Every structure is written in structure tokens, then in C-alpha cells.
Amino acid sequence: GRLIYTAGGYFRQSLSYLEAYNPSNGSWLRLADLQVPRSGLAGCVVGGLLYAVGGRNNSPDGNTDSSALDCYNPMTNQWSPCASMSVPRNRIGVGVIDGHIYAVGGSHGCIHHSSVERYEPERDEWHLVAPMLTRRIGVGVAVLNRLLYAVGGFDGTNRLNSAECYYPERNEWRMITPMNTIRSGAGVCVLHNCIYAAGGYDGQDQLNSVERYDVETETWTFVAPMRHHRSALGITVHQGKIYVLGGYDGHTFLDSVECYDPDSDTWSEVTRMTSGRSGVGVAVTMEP
Ligand SMILES: COc1cccc2nn[nH]c12
């Protein structure tokens, strides 16, 4: 696509913002607010449309975990509700395979889910698939070569270095090599042939480290760390570079956006969000 969209998030309370960053000229555009504020959601794009999945509305009126799926059309600048998931999923992870949205893990109150469900936009229906081997909230999800990966998180008792892969034609999850770092709330994405995990919280500190899993060699390798430690960051890929957005560094809700160039193994600051926030959903599609 052309723009990096950030939806929702948290600063003092859950947020409704939808804002779009254009890497080609540095500009930010404020677009139509989400109908319901939410943090801990995930974003993804299918068929040019932006989807906001899950989350939680932390507000003075109370706290409500979200089973919602909502769809933003850049052509109209309007959000439309879609079918809701089987369960609320705060701190969810999502990935897209073959035009279907997989919703992974997350929490509903004290319930930490291992369940996973798949949304078919052509039918506006969700269906449960095989659950993960581990309960995971704050889980990072990415897709490579039509396989789905769930990375890190929190199982209700422990933060996790483990990761697992879903094989759709077998409707089966299998563990993969664990990361070298415990990470909940990391940013997880794919670049070339590797699954990247950036940042997160290891139980003691917010992290700046970044490691990547080569699906051929089944090993994790550290790359250059981010300039800022951050948990509950948003992450996406644009033009072969990783962008990380916001998060919490143990002191401030960050407005920093950093960009990773894999050829030089360096991170640089490329813009600031209009306000600091964590727990955003992020995805890339065409300008509105
Ligand atoms: C303050 O302790 C925490 C709990 C859960 C997630 C977190 N991310 N950064 N700090 C965290």
C-alpha cells in the first residue's frame, strides 16, 4: 500500500484515534475515529480494507474486553462493524493467510486464551480452529509462506520465550525453537525469510533487543537493538523496512517511531506520532 495506519491505543485510557503516516513525505493525517475506544487490539489489511480486531476499552465508565471486528474503508473514511469473535480478546495477535484473518489468544478478564479463530470476509463469519499449545496474551503473530506463527506472550502465570507454528492444511500447531529472550507484548512481523520479535517485557524490564527466526535454519539471532526500550509497541513492514510505533518504556508512553533497515542493520528515528501511546493496532494500505 502507501500509508502506515495506527488505530486505537492507550494513554491514561483506551483511545479511538485512527491516524495515517506517509513515509514518502513525513505527513500524518487524522482519520475517522474508531466507534469504540480500544487498546490492546491488532490491525491487519485484507483486500485493501483495514481491520481492527479485539482489544479492551479501559475507560472511566469501566473496563470492557472486546470481541469486535471493525472494518475501515480508506475510500469512504468510514468504519463498519463486522461479525464479532466467539470471545473477547484483549492483547490479541492477528495474522492474514489467503485472505482470512486469524485471531490468536488474548484475554477476557482473568481468562487467558489458547483458542484461535479465523474470519472469512466473503462470508462475514468467524470459525474456531485448533487452539494453540499454550495460552498466550500479549502474543505477537506473523505469517510467512502461508504458515502462522505465535510468539511469546503471557500464559496467565509466566511470560514466555516460547513460540509455535500453525499448519493450516493439518489444522495443527507445533512448537518451534524458543526465542533467546522472554517477551510479552513484543512487536512481531516478517521480513524476507525471518520472523522478527522486537521489544516487549521480560518480567523485569521493557526491552530494546530484537531477534529474528530464520524458518529454514530454525534458529533465532539477535540483530541491532532499537534506540528505545518499548513494550506494547505496534509494528509493521513498509518497503522492506520494519517500523515500530509507540509503546511504553517504563517511564513514558512513547511517541517515537523507529525504522529498521535490514541491509545496514541499523535503526533510525523517522517520525513522532502526534501523541505518545501504547497498545496500538498497525497495518499498511492505500491512502484515503
Ligand atoms: C508494569 O508492569 C507491566 C505489566 C504488564 C505489562 C507491562 N509492560 N510493561 N510493563 C508492564
# chains A, B, ... in the order shown; residues from 1 in each chain; ligands from 1
>>> residues_near_ligand(ligand="ligand 1", cutoff="12 Å", atoms="only C-alpha atoms and all ligand atoms", output="JSON, numbers by chain")
{"A": [40, 91, 137, 138, 139, 153, 154, 156, 157, 158, 159, 183, 184, 185, 186, 199, 200, 201, 202, 203, 204, 205, 206, 207, 229, 230, 231, 232, 233, 247, 248, 249, 250, 251, 252, 253, 278, 279]}
>>> residues_around(residues="residue A:258", least_positions_apart="3", cutoff="12 Å", atoms="only C-alpha atoms", output="JSON, numbers by chain")
{"A": [23, 198, 199, 208, 225, 226, 227, 228, 229, 230, 233, 234, 235, 236, 237, 241, 242, 243, 244, 245, 246, 247, 254, 255, 261, 266, 267, 268, 269, 270, 271, 272, 273]}
>>> closest_residue(among="A:120, A:164, A:98, A:33", to="residue A:177", atoms="only C-alpha atoms")
A:164
>>> closest_residue(among="A:128, A:160, A:12, A:221", to="residue A:60", atoms="only C-alpha atoms")
A:12
>>> closest_residue(among="A:288, A:105, A:88, A:93", to="residue A:44", atoms="only C-alpha atoms")
A:93
>>> closest_residue(among="A:22, A:16, A:134, A:114", to="residue A:59", atoms="only C-alpha atoms")
A:16
>>> select_by_dssp(residues="stretch 15-236 of chain A", states="strand (DSSP E or B)", output="JSON, numbers by chain")
{"A": [18, 19, 20, 21, 22, 27, 28, 29, 30, 39, 42, 43, 44, 45, 46, 49, 50, 51, 52, 53, 56, 57, 58, 59, 62, 63, 64, 65, 69, 70, 71, 72, 73, 78, 79, 80, 81, 90, 93, 94, 95, 96, 97, 100, 101, 102, 103, 104, 107, 108, 111, 112, 116, 117, 118, 119, 120, 125, 126, 127, 128, 137, 140, 141, 142, 143, 144, 147, 148, 149, 150, 151, 154, 159, 163, 164, 165, 166, 167, 172, 173, 174, 175, 176, 184, 187, 188, 189, 190, 191, 194, 195, 196, 197, 198, 201, 206, 210, 211, 212, 213, 214, 219, 220, 221, 222, 231, 234, 235, 236]}
>>> closest_residue(among="A:224, A:5, A:65, A:197", to="residue A:18", atoms="only C-alpha atoms")
A:5
>>> atom_distance(atom1="atom CA of residue A:34", atom2="atom CA of residue A:259")
26.1 Å
>>> residues_around(residues="residue A:38", least_positions_apart="4", cutoff="8 Å", atoms="only C-alpha atoms", output="ChimeraX atom specification")
/A:8-10,14-16,54-58,66
>>> residues_around(residues="residue A:84", least_positions_apart="2", cutoff="10 Å", atoms="only C-alpha atoms", output="compact mmCIF listing (two decimals) with C-alpha atoms, in the first residue's frame")
# COMPACT_ATOMS: atom_id res chain seq x y z
CA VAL A 53 -9.61 -6.74 15.97
CA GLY A 54 -10.13 -7.23 19.66
CA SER A 66 -13.61 -6.51 23.03
CA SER A 67 -14.73 -9.32 20.75
CA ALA A 68 -15.24 -6.76 17.99
CA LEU A 69 -14.05 -6.78 14.40
CA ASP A 70 -14.47 -3.45 12.59
CA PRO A 81 -18.91 -3.30 12.14
CA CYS A 82 -18.27 -6.90 11.14
CA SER A 86 -16.56 -16.03 19.76
CA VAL A 87 -14.88 -14.41 22.78
CA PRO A 88 -13.38 -11.06 23.82
CA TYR A 119 -12.57 -14.81 9.84
CA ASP A 124 -18.60 -12.26 7.39
CA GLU A 125 -18.18 -15.30 9.63
CA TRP A 126 -15.72 -16.43 12.28
>>> residues_around(residues="residue A:286", least_positions_apart="4", cutoff="12 Å", atoms="only C-alpha atoms", output="MDAnalysis selection string")
chainID A and resid 1:5 20:22 45:50 72:75 77 238
>>> atom_distance(atom1="atom CA of residue A:210", atom2="atom CA of residue A:196")
7.0 Å
>>> atom_distance(atom1="atom CA of residue A:90", atom2="atom CA of residue A:127")
18.3 Å
